[PDB]
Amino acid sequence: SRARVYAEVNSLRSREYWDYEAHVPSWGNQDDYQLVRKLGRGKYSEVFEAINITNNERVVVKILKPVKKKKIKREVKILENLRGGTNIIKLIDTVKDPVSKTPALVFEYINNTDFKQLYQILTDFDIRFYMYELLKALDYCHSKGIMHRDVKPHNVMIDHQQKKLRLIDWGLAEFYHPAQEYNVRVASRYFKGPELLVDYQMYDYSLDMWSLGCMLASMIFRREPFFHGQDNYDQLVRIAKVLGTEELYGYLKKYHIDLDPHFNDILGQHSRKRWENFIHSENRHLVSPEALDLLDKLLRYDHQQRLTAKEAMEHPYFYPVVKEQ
């Protein structure tokens, strides 16, 4: 019902800061930028590589689908607010196609190595280092009043050789205001907090912290995704087989959450599992008591009890990354 950190931070800022409908982007010319290669199409997006001919700075170009002005302003405004923030993808320009008049956003390029080939090779230290760096990103945007709402491996770009991390794709990010009711059609199925799966709209930054748990578990147990749901119903079932079904009803009770009657026939009764149930010889080298303590405190039904980004950065799991700063 209310975020445990930074709950009020947007109300203590100028309305200009969080009133995105009133933001006016200056739309440049999308012809100075020359497409090279469609690094993958998407929902309201298709993404390409290219060169700022005005000097030759490599870049990435995300071509919005302008049947929603408001979503466009929301994202532009949020990136304006996070410019130069710890580990956030730098937005360079906002542009449009002259003859076509369709808008687009231009992003610093990143030689990322694909998580599907990089998670195979991470050491126990790598995992702690990059997670810390993802945490810094999340504590920044949260303290700037903002929920990412789509934390997941594809949106955590990692240049292993430069040891750089950039969290990206802010087309779902949103200003947090207390008591505000949000859409649950955010985040990838596998990284959706249970609040979204039970349709509880009064959520907050703590959702990203669940998403981050999911990433952490997949990394130290090498099961990616960790909670591999078939749909939104099955996803909550997968979670409950691990966290226990009694500890789910307790949450719903606490927050007065109406449970769709279709869950009765499929939830069953499950006990809370031991996070050691997931260790085996292929991932033992990545799992430590301090790693499972962090994990237990990230993946909770009660979004309010979830470790914040700053609490998590303080965890002993990260003491190896602190000293090596």
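By rigid core we mean the largest C-alpha set that fits within 1.5 Å across both forms. Quick note: we count residues from 1 along the sequence shown, nothing fancier.
- For the pair 81-89 and 96-104, greater average C-alpha departure from the shown form in 5 other deposited structures of this protein after core alignment is found in 96-104.
- Rigid core fits of the other structures in 5 other deposited structures of this protein place the C-alpha atoms of one stretch farther away on average; of 32-40 and 252-260, that stretch is 32-40.
- Checked against the record, the higher mean CA B factor of 192-200 and 103-111 lies with 103-111.
- Per-stretch averaging of Cα B factors for 273-281 and 56-64 places 56-64 on top.
- As recorded in the entry, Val95 carries the highest CA temperature factor of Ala179, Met219, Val184, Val95.
- The deposited CA B-factor of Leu172 belongs to the lowest third of values across its chain.
- Per-chain ranking of the deposited C-alpha B factor places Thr245 in the middle third.
- The deposited CA B-factor of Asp234 belongs to the lowest third of values across its chain.
- Ranked by Cα temperature factor within the chain, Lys90 sits in the highest third according to the deposited record.
- The PDB entry assigns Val321 a C-alpha temperature factor belonging to the highest third of its chain's modelled residues.
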